[PDB]
Structure formats: structure tokens, C-alpha cells
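Worksheet for the structure shown next.
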Amino acid sequence: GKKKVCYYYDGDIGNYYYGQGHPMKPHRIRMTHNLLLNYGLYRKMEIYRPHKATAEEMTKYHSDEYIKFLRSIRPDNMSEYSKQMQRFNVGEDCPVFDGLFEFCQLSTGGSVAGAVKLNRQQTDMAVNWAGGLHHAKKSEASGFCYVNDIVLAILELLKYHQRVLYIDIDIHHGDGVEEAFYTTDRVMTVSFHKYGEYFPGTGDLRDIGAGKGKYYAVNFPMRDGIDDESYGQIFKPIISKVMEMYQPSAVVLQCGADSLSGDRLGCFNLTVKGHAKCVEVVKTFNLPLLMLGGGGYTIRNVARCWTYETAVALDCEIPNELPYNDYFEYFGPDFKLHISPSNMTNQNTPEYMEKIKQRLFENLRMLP
Ligand SMILES: CCN1CCC2(CC1)C[C@@H]2C(=O)N[C@@H](CCCCCC(O)(O)CC)c1ncc(-c2cc3ccccc3nc2OC)[nH]1
Ligand SMILES: [Ca+2]
Ligand SMILES: [Ca+2]
Ligand SMILES: [Zn+2]
């Protein structure tokens, strides 16, 4: 039936700025919030302001030296940290910006707070659109990500859950999360992503885990132009098989919106309905679920996507006509919620999709 949804948001999140020209725009989190408020979706959710996660909470995964660096570095003292910036991959993709550490604290605080709420059985779903920063590593920033809020939230869920399933629908491979749990069977990581001449370069079909983690990492490599029809016919069968074999007791779903048609950095062709069908499929299993953000670089479409996915979490139907809102002009020329796919060629032939699905099913047969 209908579930209790807790949503985490800090009104300051939209003010963090990665710098002129940088595609990562935290303002998209504020556009999402404002749109979902104007649709009246606040009447049905418990809205919480995340605490600022401490350096200590972050060191449950990250190294002490890396977190000390993130808490110390600022644009005014950068010149004194040239050595550490190289060591921790702070540069063009992961710049130093005013309030960087506070941004990490809010992104992380929402994911960890959501995981605690799920552990206490005080909610069915917890949503943190400011989270999902899946590339961050133990001692290195990567791909616009500094602190891996996902890994920290999963470690929190592991306090009460024997098996946690992580699903990632961002266009980029979820490498930081896969690496963190690569040698354990207590987390199964499943990533659907563009593979081939594309960041971060990992996530081959043949990367299946190591040691006790062998068969607990699943990668579905895709080519440009995947559409709703194609994605939908592999997502539900793969997730249904993973559910059957792995029997997780909690799920974390990274909802990166850069897999939508028209994304500034992505090359896929999903609509908001096609992307949200993944949330519908996962929600159907009736397991404690943490829904997180991630990529998404055409910000009007990110706000549409995450607003519609919050309505899906709530089992609330919302009209296609957008309500007036603080960013109404960003949604022209149509002012509608749903988007149309482009005419781009889908390079993922139906035979390729079936063949990769079959190779993943062979690996899933290897689970106990
Ligand atoms: C130009 C910097 N250069 C660095 C070296 C490089 C090439 C790009 C090898 C690495 C790379 O390909 N990085 C990826 C990370 C992608 C991370 C996705 C994150 C998520 O999964 O969605 C989770 C949240 C990359 N692609 C696009 C950019 C990019 C960075 C910029 C920074 C400042 C200004 C403009 C910029 N414009 C950009 O695009 C137009 N970066
Ligand atoms: Ca992915
Ligand atoms: Ca694993
Ligand atoms: Zn991405």
C-alpha cells in the first residue's frame, strides 16, 4: 500500500557554487524543492532538515587525512595546499569552492539521517536529493563528489540489515560505491551506465566482485541512446532476479538524472516516466528504501525528474501542467512536467540488451 516518506532538505543547499562553467549546480536541488512544494507534495511527507554530518561521521569510511583536508581547504588558503590538492584529486572536476565542507556535511547528513530513520522503522522511504555522490573514494575526490554519502548511509544500514542492495541509474558508473564494497557479500551493487570512452572508465560487464564479494557486483554496460522501452525491459527482469537471489532487507537507489534525454553531459534518451519506472519497480518490493540524487546537468529536467519521483514515492498523481513556482521561466517553452525523447539513434540493439541481460543472469545463478 501507500508508504510513509521522509524527505531531507536544507534551504542553504542551493547556494553552494562549484564555479563559472562547472556543470554541477546545487541550485537544481532548490528548484526540485520549490517545484514539489508548488505541486503540494509537502502535505504528504515528513520534511526534515539534515544535521551537518561531522568529520567523525565521515571517517567511518574516509581517511582522517582526507577529511581533515576537506575541513581545512578554502579558496583563500588553496595556495598553501598545492601538494594535498594533487594527492586528493582536488582540481577542475572537484574544485575548491566557498563552503565546500558544509556542502559535503549537508549532502552526507541527509543520507545518513535517512538511513537512521529507516533503521528505526520510522519510515518506509527516505529521500535525499542532495545525496548520491557515488564517485568519492576513501582518500580522494572524484567526478564532482568529495564525500561518499552513499557508502556512509550503507554502513549505517548495515548496523541493522544483513544484506543491502544498492542500485544506480546515473549514466555514470557507480565506482566509489562498488569499490567500497567490492570484497563483501553484505552489499550487492548494481549499476546501469554508459560504458566506452566515458567517465570514469570502469564498470565492465566482467567486473563482478572479488573474494567474498565475487558475484556481488553487477554492471550493465550500455551504449548511447538508450530509450524507455529498452531500459524498462532489462531493468525489471534484472532487479527481480537480484531480489529473488540476494533477498536484501534494505535498498539504496541512486537516481542520477543525467540518464535523461537532453542532459548536458549524458547521451541517453530516457524520459522522466522511463527514469521513474525504475523507482516504481524498486518500490514494488516493499523494502526499506533510501532514494538519493546524483548527476543531472540540464537542471530544468532534473527538477522535473526528482519532483515526479517524489510523487511516485508518495503514490500521488500530479498534473502534467506545471504549477507556478519561483523558477517557472526555466521550464519554458512548454511549462509541462514530462519530457519528450529526442530522435537520437539507440545504439543498444534489442539483441545486445538481451545478450547482456543473459550474461548477468548467468552470474546471478552463481549466488548461494
Ligand atoms: C574539463 C575538466 N576535465 C577534467 C579531466 C577529465 C575531462 C574533463 C577526464 C575527466 C572527466 O571526464 N570528468 C568527468 C566527470 C563526470 C562526473 C559525473 C558525476 C555524476 O556521476 O553525475 C555524479 C554526480 C567530466 N565530464 C564532464 C566534465 C566537465 C567538468 C568541468 C569542470 C569545470 C568546468 C567545466 C567542466 N565541464 C565539464 O564538462 C562539460 N567532467
Ligand atoms: Ca550507474
Ligand atoms: Ca559487493
Ligand atoms: Zn552522472
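Since chain A takes its numbers from Swiss-Prot, the residues it shows come out as 8-375.
Structure determined by X-ray crystallography, 1.3 Å.
Just so it is clear, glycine is given a Cβ too, placed from its N, Cα and C backbone atoms.
In the three-state DSSP scheme, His142 (active site) falls into the coil class. Look at Swiss-Prot and you will find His142 tagged as active site.
In three-state terms derived from DSSP, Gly28 (1D-myo-inositol 1,4,5,6-tetrakisphosphate binding site) belongs to neither a helical nor a strand segment and is classed as coil. Residues or ranges marked as 1D-myo-inositol 1,4,5,6-tetrakisphosphate binding site in Swiss-Prot: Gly28, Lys32, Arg271.
The local packing around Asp175 (Ca(2+) 1 binding site), expressed as other Cβ atoms within 10 Å of its Cβ over all shown chains, amounts to 29. Marked as Ca(2+) 1 binding site by Swiss-Prot on the basis of experimental evidence: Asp175, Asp177, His179, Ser198, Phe199.
Secondary structure at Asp265 (Zn(2+) binding site), as computed by DSSP, is helix. Other C-beta atoms found within 10 angstroms of the C-beta of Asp265 (Zn(2+) binding site) number 25, with every protein chain shown included. As annotated by Swiss-Prot, Zn(2+) binding site applies to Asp177, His179, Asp265, with the evidence given as experimental evidence.
Cβ-based neighbour count (10 Å, all protein chains) for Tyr223 (Ca(2+) 2 binding site) stands at 26. Feature annotation from Swiss-Prot assigns Ca(2+) 2 binding site to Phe188, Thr191, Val194, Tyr223; the stated evidence is experimental evidence.
Residues annotated as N6-acetyllysine in Swiss-Prot: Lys75 (among others). According to DSSP, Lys75 (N6-acetyllysine) sits within a helical segment.
Residues or ranges marked as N6-acetyllysine in Swiss-Prot (evidence: similarity to another entry): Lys221 (among others). Spatially close to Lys221 (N6-acetyllysine) yet at least six residues away along the chain are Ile215, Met373, judged by Cβ distances under 8 angstroms.
According to Swiss-Prot, the region 'Histone deacetylase' annotation covers 9-322.
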Within the set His142, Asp175, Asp177, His179, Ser198, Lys221, which recorded positions show a CB-to-ligand 3 distance under 6 A?
none
Given the recorded positions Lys32, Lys75, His142, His179, which one has the fewest other C-beta atoms within 10 angstroms of its C-beta?
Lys75
What whole-number Å value do you get for the CA-CA distance of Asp177 (Ca(2+) 1 binding site) and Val194 (Ca(2+) 2 binding site)?
18
Round to a whole number and give the Cα-to-Cα distance in Å for the pair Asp265 (Zn(2+) binding site) and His179 (Ca(2+) 1 binding site).
8
